[PDB]
Each structure stands twice: as structure tokens, then as C-alpha cells.
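Colleague: File structure.txt follows (compact mmCIF, N, CA, C and O atoms):
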# COMPACT_ATOMS: atom_id res chain seq x y z
N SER H 84 142.55 77.12 121.05
CA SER H 84 142.70 76.20 119.89
C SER H 84 142.98 74.77 120.37
O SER H 84 143.81 74.56 121.26
N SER H 85 142.29 73.78 119.78
CA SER H 85 142.33 72.37 120.20
C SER H 85 142.31 71.47 118.97
O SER H 85 141.48 70.57 118.83
N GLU H 86 143.23 71.76 118.04
CA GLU H 86 143.40 71.06 116.78
C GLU H 86 144.91 70.80 116.67
O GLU H 86 145.71 71.74 116.72
N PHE H 87 145.30 69.52 116.60
CA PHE H 87 146.68 69.08 116.72
C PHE H 87 147.24 68.72 115.34
O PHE H 87 146.63 67.95 114.61
N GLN H 88 148.41 69.27 114.99
CA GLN H 88 149.12 69.05 113.73
C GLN H 88 150.63 69.06 114.00
O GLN H 88 151.06 69.09 115.16
N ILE H 89 151.46 69.02 112.95
CA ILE H 89 152.91 69.25 113.06
C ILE H 89 153.14 70.55 113.84
O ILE H 89 152.38 71.51 113.71
N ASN H 90 154.20 70.56 114.66
CA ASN H 90 154.61 71.62 115.58
C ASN H 90 153.65 71.84 116.75
O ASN H 90 153.89 72.74 117.55
N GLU H 91 152.62 71.00 116.94
CA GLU H 91 151.67 71.09 118.05
C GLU H 91 151.71 69.79 118.88
O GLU H 91 152.41 68.84 118.53
N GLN H 92 151.05 69.80 120.03
CA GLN H 92 151.10 68.78 121.08
C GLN H 92 150.41 67.47 120.68
O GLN H 92 149.35 67.48 120.05
N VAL H 93 150.98 66.35 121.13
CA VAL H 93 150.44 65.00 121.05
C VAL H 93 150.88 64.23 122.30
O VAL H 93 151.80 64.66 123.00
N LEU H 94 150.24 63.09 122.57
CA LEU H 94 150.70 62.13 123.56
C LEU H 94 151.48 61.10 122.75
O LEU H 94 150.94 60.55 121.79
N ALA H 95 152.71 60.82 123.15
CA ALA H 95 153.57 59.85 122.50
C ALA H 95 154.21 58.97 123.56
O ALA H 95 154.54 59.45 124.65
N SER H 96 154.35 57.68 123.27
CA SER H 96 154.94 56.71 124.16
C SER H 96 156.43 57.03 124.28
O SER H 96 157.20 56.80 123.34
N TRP H 97 156.82 57.61 125.42
CA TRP H 97 158.21 57.86 125.73
C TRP H 97 158.93 56.53 125.92
O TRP H 97 158.32 55.53 126.31
N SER H 98 160.25 56.55 125.68
CA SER H 98 161.11 55.37 125.76
C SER H 98 161.07 54.70 127.15
O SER H 98 161.41 53.53 127.27
N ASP H 99 160.64 55.44 128.19
CA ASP H 99 160.45 54.91 129.53
C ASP H 99 159.42 53.77 129.58
O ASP H 99 159.71 52.72 130.16
N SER H 100 158.23 53.98 128.99
CA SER H 100 157.10 53.05 129.14
C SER H 100 155.92 53.38 128.22
O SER H 100 155.62 52.61 127.30
N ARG H 101 155.23 54.50 128.46
CA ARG H 101 153.96 54.87 127.83
C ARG H 101 153.88 56.38 127.62
O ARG H 101 154.90 57.05 127.57
N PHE H 102 152.67 56.88 127.38
CA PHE H 102 152.41 58.24 126.95
C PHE H 102 152.93 59.33 127.90
O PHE H 102 152.73 59.26 129.11
N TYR H 103 153.49 60.37 127.28
CA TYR H 103 153.87 61.66 127.85
C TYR H 103 153.58 62.67 126.73
O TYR H 103 153.53 62.28 125.56
N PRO H 104 153.39 63.97 127.04
CA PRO H 104 153.22 64.98 126.01
C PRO H 104 154.52 65.16 125.21
O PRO H 104 155.62 65.04 125.76
N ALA H 105 154.38 65.47 123.92
CA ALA H 105 155.46 65.69 122.97
C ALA H 105 154.95 66.63 121.87
O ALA H 105 153.74 66.77 121.68
N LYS H 106 155.87 67.24 121.12
CA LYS H 106 155.59 68.11 119.98
C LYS H 106 155.69 67.24 118.71
O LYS H 106 156.68 66.52 118.56
N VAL H 107 154.71 67.25 117.81
CA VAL H 107 154.82 66.57 116.51
C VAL H 107 155.91 67.27 115.70
O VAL H 107 155.90 68.50 115.63
N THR H 108 156.75 66.52 115.01
CA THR H 108 157.72 67.07 114.06
C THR H 108 157.44 66.55 112.64
O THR H 108 157.67 67.28 111.68
N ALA H 109 156.90 65.33 112.48
CA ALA H 109 156.39 64.82 111.20
C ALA H 109 155.29 63.79 111.45
O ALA H 109 155.16 63.25 112.55
N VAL H 110 154.51 63.49 110.41
CA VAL H 110 153.50 62.44 110.37
C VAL H 110 153.56 61.86 108.95
O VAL H 110 153.85 62.60 108.01
N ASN H 111 153.29 60.56 108.78
CA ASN H 111 153.36 59.87 107.49
C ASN H 111 152.10 59.03 107.35
O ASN H 111 151.78 58.24 108.24
N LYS H 112 151.40 59.15 106.21
CA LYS H 112 150.15 58.44 105.93
C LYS H 112 150.32 56.91 105.97
O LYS H 112 149.35 56.20 106.22
N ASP H 113 151.55 56.42 105.77
CA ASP H 113 151.89 55.00 105.92
C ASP H 113 151.50 54.45 107.30
O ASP H 113 151.14 53.27 107.41
N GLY H 114 151.51 55.29 108.34
CA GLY H 114 151.02 54.97 109.68
C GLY H 114 152.00 55.34 110.79
O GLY H 114 151.99 54.69 111.84
N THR H 115 152.88 56.33 110.57
CA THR H 115 153.97 56.63 111.48
C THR H 115 153.99 58.13 111.83
O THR H 115 153.33 58.96 111.19
N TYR H 116 154.75 58.45 112.87
CA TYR H 116 154.80 59.72 113.55
C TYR H 116 156.26 59.98 113.89
O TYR H 116 156.96 59.05 114.27
N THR H 117 156.68 61.24 113.87
CA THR H 117 157.97 61.68 114.39
C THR H 117 157.62 62.77 115.39
O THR H 117 156.79 63.64 115.12
N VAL H 118 158.21 62.69 116.58
CA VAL H 118 157.85 63.54 117.71
C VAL H 118 159.14 63.96 118.41
O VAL H 118 160.11 63.20 118.43
N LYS H 119 159.11 65.15 119.01
CA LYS H 119 160.16 65.68 119.86
C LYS H 119 159.58 65.79 121.26
O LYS H 119 158.59 66.49 121.47
N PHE H 120 160.18 65.10 122.22
CA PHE H 120 159.89 65.27 123.64
C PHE H 120 160.67 66.50 124.11
O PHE H 120 161.81 66.69 123.69
N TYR H 121 160.07 67.33 124.97
CA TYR H 121 160.60 68.65 125.33
C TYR H 121 161.96 68.57 126.05
O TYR H 121 162.71 69.55 126.05
N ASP H 122 162.29 67.41 126.63
CA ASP H 122 163.59 67.15 127.24
C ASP H 122 164.74 67.24 126.22
O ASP H 122 165.89 67.45 126.61
N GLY H 123 164.43 67.12 124.92
CA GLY H 123 165.38 67.27 123.82
C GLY H 123 165.72 65.91 123.22
O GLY H 123 166.90 65.60 123.03
N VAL H 124 164.70 65.08 122.95
CA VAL H 124 164.85 63.73 122.41
C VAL H 124 163.82 63.61 121.29
O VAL H 124 162.70 64.10 121.43
N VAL H 125 164.20 62.99 120.17
CA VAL H 125 163.37 62.91 118.97
C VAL H 125 163.40 61.45 118.48
O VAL H 125 164.45 60.81 118.55
N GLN H 126 162.26 60.93 118.01
CA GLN H 126 162.17 59.56 117.48
C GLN H 126 161.02 59.46 116.47
O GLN H 126 160.09 60.26 116.53
N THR H 127 161.06 58.43 115.61
CA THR H 127 159.96 58.05 114.74
C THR H 127 159.37 56.75 115.29
O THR H 127 160.11 55.84 115.70
N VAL H 128 158.05 56.68 115.34
CA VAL H 128 157.24 55.66 116.00
C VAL H 128 155.92 55.50 115.22
O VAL H 128 155.72 56.15 114.19
N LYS H 129 155.03 54.62 115.66
CA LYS H 129 153.84 54.22 114.90
C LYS H 129 152.59 54.91 115.46
O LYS H 129 152.61 55.44 116.57
N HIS H 130 151.48 54.82 114.73
CA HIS H 130 150.16 55.24 115.22
C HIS H 130 149.83 54.56 116.56
O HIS H 130 149.37 55.23 117.47
N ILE H 131 150.17 53.28 116.73
CA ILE H 131 149.95 52.57 118.00
C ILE H 131 150.77 53.14 119.17
O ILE H 131 150.57 52.71 120.31
N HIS H 132 151.66 54.11 118.92
CA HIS H 132 152.51 54.73 119.93
C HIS H 132 152.21 56.22 120.12
O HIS H 132 152.82 56.83 121.00
N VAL H 133 151.37 56.85 119.30
CA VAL H 133 151.10 58.29 119.34
C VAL H 133 149.63 58.61 119.06
O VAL H 133 149.03 58.06 118.13
N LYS H 134 149.05 59.57 119.79
CA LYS H 134 147.70 60.08 119.55
C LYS H 134 147.62 61.56 119.95
O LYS H 134 148.59 62.12 120.46
N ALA H 135 146.49 62.21 119.68
CA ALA H 135 146.23 63.59 120.09
C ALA H 135 146.31 63.73 121.62
O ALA H 135 146.30 62.73 122.34
N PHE H 136 146.34 64.97 122.13
CA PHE H 136 146.19 65.17 123.58
C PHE H 136 144.78 64.76 124.03
O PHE H 136 144.57 64.48 125.21
N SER H 137 143.82 64.66 123.11
CA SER H 137 142.51 64.07 123.35
C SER H 137 142.70 62.59 123.68
O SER H 137 143.18 61.84 122.83
N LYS H 138 142.34 62.16 124.90
CA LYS H 138 142.67 60.80 125.34
C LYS H 138 142.04 59.70 124.48
O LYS H 138 142.63 58.62 124.37
N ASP H 139 140.86 59.95 123.90
CA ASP H 139 140.06 58.91 123.25
C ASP H 139 140.67 58.37 121.95
O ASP H 139 140.88 57.16 121.85
N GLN H 140 140.96 59.23 120.97
CA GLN H 140 141.33 58.81 119.61
C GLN H 140 142.23 59.82 118.90
O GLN H 140 142.37 60.97 119.32
N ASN H 141 142.85 59.35 117.81
CA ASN H 141 143.71 60.13 116.92
C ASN H 141 142.87 61.10 116.07
O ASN H 141 141.68 60.84 115.85
N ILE H 142 143.47 62.20 115.58
CA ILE H 142 142.79 63.21 114.77
C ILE H 142 143.70 63.71 113.61
O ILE H 142 143.52 64.83 113.12
N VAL H 143 144.70 62.92 113.18
CA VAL H 143 145.59 63.24 112.05
C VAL H 143 145.80 61.99 111.19
O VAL H 143 145.40 61.98 110.03
N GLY H 144 146.41 60.93 111.74
CA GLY H 144 146.61 59.66 111.04
C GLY H 144 145.28 58.92 110.83
O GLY H 144 145.13 58.19 109.86
N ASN H 145 144.32 59.16 111.72
CA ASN H 145 142.92 58.75 111.61
C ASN H 145 142.10 59.93 112.17
O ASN H 145 142.67 60.80 112.82
N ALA H 146 140.78 59.97 111.95
CA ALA H 146 139.95 61.15 112.24
C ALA H 146 138.74 60.84 113.14
O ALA H 146 137.75 61.56 113.11
N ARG H 147 138.80 59.75 113.92
CA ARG H 147 137.68 59.36 114.80
C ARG H 147 137.62 60.21 116.07
O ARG H 147 136.55 60.27 116.69
N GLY H 200 138.72 60.85 116.48
CA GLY H 200 138.74 61.63 117.71
C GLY H 200 138.11 63.02 117.55
O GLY H 200 137.71 63.44 116.46
N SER H 201 138.05 63.70 118.69
CA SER H 201 137.33 64.94 118.94
C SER H 201 138.08 65.71 120.03
O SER H 201 139.01 65.17 120.64
N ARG H 363 137.71 66.96 120.30
CA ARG H 363 138.32 67.76 121.37
C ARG H 363 138.11 67.07 122.72
O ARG H 363 136.97 66.86 123.14
N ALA H 364 139.21 66.73 123.39
CA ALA H 364 139.27 66.23 124.76
C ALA H 364 140.67 66.53 125.31
O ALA H 364 141.42 67.32 124.73
N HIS H 365 141.06 65.89 126.42
CA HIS H 365 142.37 66.04 127.06
C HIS H 365 142.76 64.71 127.72
O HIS H 365 142.03 63.73 127.59
N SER H 366 143.90 64.68 128.41
CA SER H 366 144.48 63.49 129.03
C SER H 366 144.84 63.75 130.50
O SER H 366 144.84 64.90 130.95
N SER H 367 145.16 62.67 131.23
CA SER H 367 145.31 62.69 132.68
C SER H 367 146.64 62.10 133.18
O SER H 367 146.76 61.77 134.37
N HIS H 368 147.66 61.98 132.32
CA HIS H 368 149.03 61.64 132.72
C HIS H 368 150.01 62.50 131.92
O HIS H 368 149.83 62.66 130.71
N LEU H 369 151.01 63.07 132.60
CA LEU H 369 152.09 63.86 132.02
C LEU H 369 153.24 63.97 133.02
O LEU H 369 153.11 63.60 134.19
N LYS H 370 154.38 64.47 132.54
CA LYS H 370 155.57 64.79 133.35
C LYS H 370 155.35 66.11 134.07
O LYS H 370 154.76 67.04 133.52
N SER H 371 155.87 66.22 135.30
CA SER H 371 155.67 67.36 136.19
C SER H 371 156.25 68.68 135.65
O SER H 371 155.73 69.75 135.96
N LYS H 372 157.31 68.60 134.83
CA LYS H 372 157.98 69.79 134.27
C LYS H 372 157.34 70.28 132.96
O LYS H 372 157.84 71.23 132.36
N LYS H 373 156.25 69.64 132.49
CA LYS H 373 155.47 70.15 131.37
C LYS H 373 154.98 71.57 131.71
O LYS H 373 154.60 71.84 132.85
N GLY H 374 154.95 72.45 130.71
CA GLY H 374 154.36 73.78 130.80
C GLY H 374 154.17 74.30 129.38
O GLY H 374 153.68 73.53 128.53
Is it possible to express this structure as C-alpha cells?
Modeller:
Amino acid sequence: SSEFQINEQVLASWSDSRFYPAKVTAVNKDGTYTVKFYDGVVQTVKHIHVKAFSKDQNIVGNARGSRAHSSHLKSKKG
């Protein structure tokens, strides 16, 4: 399965700098996202800070993206 929604994987800009994998916890049509990083940290952020694990484009707040993947993550991801 490669369809991303609430309780499923996204790339979100971690407080460190840029994208890391995270679990969606909410999304808002206004243009915002709430995500939980697996380390145990939660925040609300914008579309400009979160996208699908598909590197190219978003597939929830906007629908231009398609099935793909990404090439940066934390080593303890599993």
C-alpha cells in the first residue's frame, strides 16, 4: 500500500532543519498538517513543511503527486 493519510507516513520538516519521516496525526484544508515524529514529538506545521513519502508532490492537501519514495531519513527509522 502506497496511499498516505492520517495515521500513515509523511515527510515533515523536523525542528532540526528539513524533512524526516513522521506519522500524520491531523490535516486541515486551510493548508496545515499535524504530525508525530517517532522520537515522541508532535507539532502543527504548513503544507510548505510536509509532503507524502513520495518525494515529488503532496497527495492529501493537494493531489498532484503519485506513488514514489524519498532519499533522506533518520537511521533509527523502521
Colleague: Which residues in chain H does DSSP call strand (DSSP E)? List them as a ChimeraX atom specification.
Modeller: /H:92-96,102-111,115-120,124-129,133-134
Colleague: I'd like the neighbourhood of residue H:141 as number ranges by chain, where a residue qualifies if any of its atoms comes within 10 Å (using only C-alpha atoms), though same-chain residues fewer than 6 positions away should be ignored.
Modeller: H: 87, 93-94, 130-131, 133-135, 147, 200-201
Colleague: Excluding residue H:107 and any residue of its chain fewer than 4 positions from it, enumerate the residues within 4.5 Å of it, using all atoms listed in the file, and give them as a compact mmCIF listing (two decimals) with N, CA, C and O atoms, keeping the file's coordinate frame.
Modeller:
# COMPACT_ATOMS: atom_id res chain seq x y z
N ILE H 89 151.46 69.02 112.95
CA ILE H 89 152.91 69.25 113.06
C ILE H 89 153.14 70.55 113.84
O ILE H 89 152.38 71.51 113.71
N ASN H 90 154.20 70.56 114.66
CA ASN H 90 154.61 71.62 115.58
C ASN H 90 153.65 71.84 116.75
O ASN H 90 153.89 72.74 117.55
N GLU H 91 152.62 71.00 116.94
CA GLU H 91 151.67 71.09 118.05
C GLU H 91 151.71 69.79 118.88
O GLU H 91 152.41 68.84 118.53
N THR H 117 156.68 61.24 113.87
CA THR H 117 157.97 61.68 114.39
C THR H 117 157.62 62.77 115.39
O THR H 117 156.79 63.64 115.12
N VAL H 118 158.21 62.69 116.58
CA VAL H 118 157.85 63.54 117.71
C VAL H 118 159.14 63.96 118.41
O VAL H 118 160.11 63.20 118.43
Colleague: By how many Å are atom C of residue H:367 and atom C of residue H:136 apart?
Modeller: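 Rounded to one decimal, the two atoms are 9.7 Å apart.
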Colleague: What are the centre and the three edge lengths of an axis-aligned box that wraps all atoms of stretch 131-138 of chain H in the file, given that 3 Å is added to every side, written as JSON and rounded to one decimal in Å?
Modeller:
{"center_x": 147.4, "center_y": 58.9, "center_z": 121.0, "size_x": 16.8, "size_y": 18.6, "size_z": 14.6}
Colleague: Quick one, how far is atom CA of residue H:105 from atom C of residue H:119?
Modeller: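 The value is 4.5 Å.
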Colleague: How many Å separate atom CA of residue H:364 from atom CA of residue H:100?
Modeller: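 Atom CA of residue H:100 lies at a distance of 22.6 Å from atom CA of residue H:364.
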Colleague: Tell me which protein, DNA and RNA residues are within 8 Å of residue H:373, counting only N, CA, C and O atoms, leaving out same-chain ones fewer than 3 positions away, and put them as number ranges by chain.
Modeller: H: 104, 369-370
